[PDB]
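I have placed the structure first, in the form of structure tokens, so that the comments after it can refer back to it.
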DNA sequence: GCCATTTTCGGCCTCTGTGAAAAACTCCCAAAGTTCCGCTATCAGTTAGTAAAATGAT
DNA sequence: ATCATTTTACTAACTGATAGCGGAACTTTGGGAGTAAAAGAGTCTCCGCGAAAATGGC
Ligand SMILES: [Mg+2]
Ligand SMILES: [Zn+2]
Ligand SMILES: [Zn+2]
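Chains as they are written, first to last, in the entry's author numbering: chain D, 252 to 351; chain B, 1252 to 1377; chain Z, 415 to 619; chain S, 802 to 931, 950 to 951; chain C, 402 to 501; chain H, 1243 to 1340; chain X, 253 to 321; chain E, 2 to 82; chain L, 1044 to 1093; chain V, 16 to 101.
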């Protein structure tokens, strides 16, 4: 999460996914501390599972979580896989110095 | 084209299990079966019987022993899941694995280097 | 979050008042939802009162733009809010949500913003080579001194050691007092300012 | 990705197997000659003269232009040469079962990544691709 | 930075026997990257030998080529011995000459 | 365009891309295949490690070139470390055996 | 080693303080004053003479060298 | 100056082994204090090593032999100390 | 927001033809200039026009 | 250095062994000071200092205190690159 | 053994910021932050004084 | 080789300044509890892709 020119900030979607996971986990802990009705606890556990699945692999379980761009958030699986993934864009091929 | 066809013919399905650690109906590499058969013959024990299988370039590429190359080729999720559940080990014997980890490829000017290391390996394993 | 607020409303309801449950429960549910939005809707968390300030500023900006037909100016907004203009500008500069690093750049689709962000914390190899050359040149220049003043300067500036030292610790090893150390360092500095043995060190400025 | 692991690891694997090579015939005329196919391959079993028991070309000899001319003059129809498919090497292939490296003109050296060369050679012309 | 004449002489001495790598996209075969000896010219365009054009599949209608500098002694000798244009005059696919 | 050393990416620690950013050329998969076919192991290692993402290796190479010793001490690319951290973040134990 | 101040010839404290009598300025003037003046001063002595001649040898000159400059 | 590394590969046999030997010789002549066995003629260390290999003065045998010789001599000198 | 002053400078650059520049006609015959030859080395007609 | 890469399932004990701390809050950075928040996704007590050989307090701001954990914050005085590994 | 729904793939270079909407106040309290003052550590600048070594003269 | 003098090495003291640390008080910010007519089932738009293979269901 680094500042851009003009005061704007650039962030990764992993931050949003982690924030969702942490928020839902804390809400689950608070609900278990309040002796909540069972239905609310089951809903919170479903939401926690969905958040973890979206963080690990978005779109595999169901509807892909989208941010403020109306575009799916990029997860760890998307970051390690694909033509634009780490294997093919940064490991098997690289931008090099001493080149023109 | 024969160097491609040889790569296609790299797997065998075991027909007679024998005394080797192979189960019937199992697709395993031909080289490992060949070494196992040589060892069993040297030990005077019943060797295995295999039926060679022809695989396409995509299936042969995805059926390699190293999981780094398979993940780098395509379908990273399936390869990683299978390697994780199995507990696979990558010995870095091909070009792609050494390219990814930044070491000398076992081809050309690195060949002797890699060979030297293997020798030392055995000599230490003694 | 509204369910939690409803739990609180159930926990502090009074049926003797004669009002229906929804009347009291709506306030708590709305409070829970609004507080949760104020706390968990931004990557960079803004306090709840500042969120309310931003929302009220947006409402007044909407009303003023409706009234006059153009975008309100900071001074007019400050006049209407009965708040300092500097505070208005400060509020206006913090209402930004971070942009995603996966956003396609321009009209392309395979390019992303994250590929155009540098690593400003890195040290240029030219700078590191200059630092190594400066270390070598400082060693060479200090080698042209007597061991006393050379080591006095080394210990007073921390050259080839972990920590810098004040005058007292420099004096203690020599068993001499602080003032002699001060004038020793002064003599060393005066001698090293001579251009006979300072031309190589001048190029680093 | 399917052939990146093929590297010439040995010189000779000591195998007697091989593939048979004859001129390619698709009717009343030859399509490709035996000299073109045998240029740069290692002989598996001796090339005996037709109707005679003289060993014209012994085993484990590279077929260069001179021996190609010799074969054409003798008019030998079918020969047997070593192939990468029939190689006995545990990992990779051997120098003799591969033969001449086309980019250099001599026998293939140790450590040559022949699989990448094969894949590139096959894939490069893909743009050019579409009884008396 | 000031571009003195002695700097130009130093540059001429530096690149005397230093091989340089020329690459044209796409690199369909290994002949698409080759090693040459640089000759300093006045201009902004790389001058290429005509006989390697068939190797590069390159025509002079706006084509661009990338250049790389091998640094270590091993890399320089690899460029001189294996990747030099004078060694790559036979097609690895067929054995026929490629500098026709 | 030409570049010897300049800005680097924030995450991958690799040279940036483009003339506007004083970036370097991309040595893609096809170039790696060509170098492997040539047998040029040392040039490929130079491009992968000490020219792209070996933060200590590239600085050591710059110092060595400045002092005349054209030799390199290759290290581990930062991209592989990022991959390791990502795979561990996916709840999968990936570790380099010795 | 043309006309430049006498501080540049890194002369010792006594040497400089003695010559600080303003009986010299710039090394071109110093090289011309000979041993007659060099030893004339009751404060320039044997060691000072040797040190000054060594400095001029580093400058490639001898005390008393005649030059039109 | 030299072009067309033919004689060197004829003397060595394998291009990769030739590259390794020439790299070792060039490192010895550049990083170390070793002197060339042939007239330099304003040539870089790689070219000088290639010319030496072409002349037959430098092979893997020679390099390994003299390296073992230096280890032996240094061991004897340290014993002498 | 956060911007105090913007100064914009306009630069006029005269770019002459040189080797490497792309020049083309209207019939699809594009090309890259290879050499700026002297006038005395150009072919000329009987009237001396190069 | 290494001769093989071993993959497998990650046990909770192994995950705790990897971790240098527990992230308890979704906070990332303060909206005014732009400094990391404690027990957050960018905490300097868990992942490392944001400036080389410094602490969030600024009390330990030089190299002589390398490896010393500040009592007021808990940030170890070390390099910032540990934030790419922790 | 055969449908039927999922799953994953789709060439290499170069330039090339985005997004833009969306609805609360009010009161009370404790902690961080700004500013000011006092005490203390540390140093640059200068002078004086005393005892001893370097050095020039004889 | 020996004497007398200037310079050197080492103490003390004063001037003047500056930065850092700690305490008192004030303003600013930040978190939390409360609001009593009644109000008591969501999106949310799209869907302009084809071919081959790997998994359930019968
Ligand atoms: Mg073209
Ligand atoms: Zn073989
Ligand atoms: Zn601290």
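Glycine included, every Cβ here is placed at the ideal spot set by N, Cα and C.
Pair every Cβ in the region 1326-1338 of chain H with every Cβ in the region 17-33 of chain V, then say whether three or more of these pairs are closer than 8 Å. yes
Roughly how many angstroms lie between the CA atoms of residue 600 of chain Z and residue 546 of chain Z, to the nearest whole one? 26 Å
If you measure from the beta carbon of residue 487 of chain C to each beta carbon in chain H, is any gap under 8 Å? no
Roughly how many angstroms separate the alpha carbons of residue 1341 of chain B and residue 1317 of chain B, rounded to a whole number? 5 Å
Per-residue DSSP class, three states only, for residue 272 of chain X: coil
Identify every run of the alpha helix (DSSP H) within the region 548-586 of chain Z, keeping only runs that are complete inside it and at least 4 residues long; order them along the chain. 561-571
Of the residues L:1063, L:1048, L:1070 and L:1074, which one's Cα is nearest the Cα of residue 443 of chain C? L:1063
For the beta strand (DSSP E) that contains residue 811 of chain S, what are its first and last residues? 809-811
Which residue spans inside the region 42-72 of chain E form an unbroken alpha helix (DSSP H) run of at least 4? 46-56
Note down, in chain order, every chain D residue with its Cβ under 9 Å from the Cβ of residue 1449 of chain B. It is not possible to answer for residue 1449 of chain B, since the shown part of chain B is limited to 1252 through 1377.
Name, going along the chain, the residues of the region 1343-1361 of chain B whose beta-carbon falls closer than 7 Å to a beta-carbon of chain H. 1346, 1350, 1351, 1352, 1353, 1355, 1356, 1358, 1359, 1360 and 1361
Does residue 1252 of chain H get closer than 8 Å to chain V when you measure Cβ to Cβ? no
Short Cβ contact (8 Å threshold) for residue 344 of chain D with residue 1270 of chain H: yes
If you drop the 5 nearest sequence neighbours on each side, which residues of the same chain put their C-beta closer than 6 Å to that of residue 569 of chain Z? 579 and 584
Grouping DSSP H, G and I as helix and E and B as strand, with all else coil, what is residue 58 of chain V? coil
In terms of residue numbering, what span does the alpha helix (DSSP H) encompassing residue 595 of chain Z cover? 592-606
Out of curiosity, what's the CA-to-CA distance linking residue 1321 of chain B and residue 1373 of chain B? 27 Å
Which residue or residues does DSSP assign as beta-bridge partners of residue 24 of chain V? H:1334
Quick check on DSSP: helix, strand or coil for residue 822 of chain S? strand
Would residue 483 of chain C and residue 24 of chain E qualify as a contact pair, given that the criterion is a beta-carbon distance under 8 Å? no
On the three-state DSSP scale, how would you describe residue 1081 of chain L? coil
If we ignore side chains and look at the alpha-carbon of each, how far apart do residue 1336 of chain B and residue 1325 of chain B end up? 19 Å
For residue 1323 of chain B and chain D, any beta-carbon pair shorter than 8 Å? yes
Residue 424 of chain C lies in the beta strand (DSSP E); which residues open and close that run? 421-424
Mark residue 828 of chain S as exposed unless 16 or more other C-beta atoms lie within 10 angstroms of its C-beta, in which case mark it buried. exposed
Residue 310 of chain D to residue 1253 of chain H span [Cα, whole Å]: 25 Å
How would you write the range of the beta strand (DSSP E) that residue 434 of chain C sits in, first residue to last? 434-437
Let's see if you can read the secondary structure: which residues bound the alpha helix (DSSP H) around residue 451 of chain Z? 435-454
Using the DSSP secondary-structure output, state which residues sit across from residue 1262 of chain B in a beta bridge. B:1280 and B:1304
Could you tell me which residues DSSP pairs with residue 894 of chain S in its beta bridges? S:809
Do residue 845 of chain S and residue 819 of chain S have their beta-carbon atoms positioned less than 8 Å apart in this structure? yes
Residue 20 of chain E CB to nearest chain B CB: under 8 Å? yes
Any non-hydrogen atom of ligand 1 within 7 Å of residue 342 of chain C CB: Nothing can be reported for residue 342 of chain C, as the shown portion of chain C is limited to 402 through 501.
Are three or more beta carbon pairs between the region 532-542 of chain Z and the region 1295-1307 of chain H nearer than 8 Å? yes
Straight-line CA distance for residue 1050 of chain L to residue 619 of chain Z? 31 Å
Which residues, in chain order, does the region 1273-1286 of chain H contribute to contact with chain S at a C-beta distance below 8 Å? 1275, 1276, 1278, 1279 and 1281
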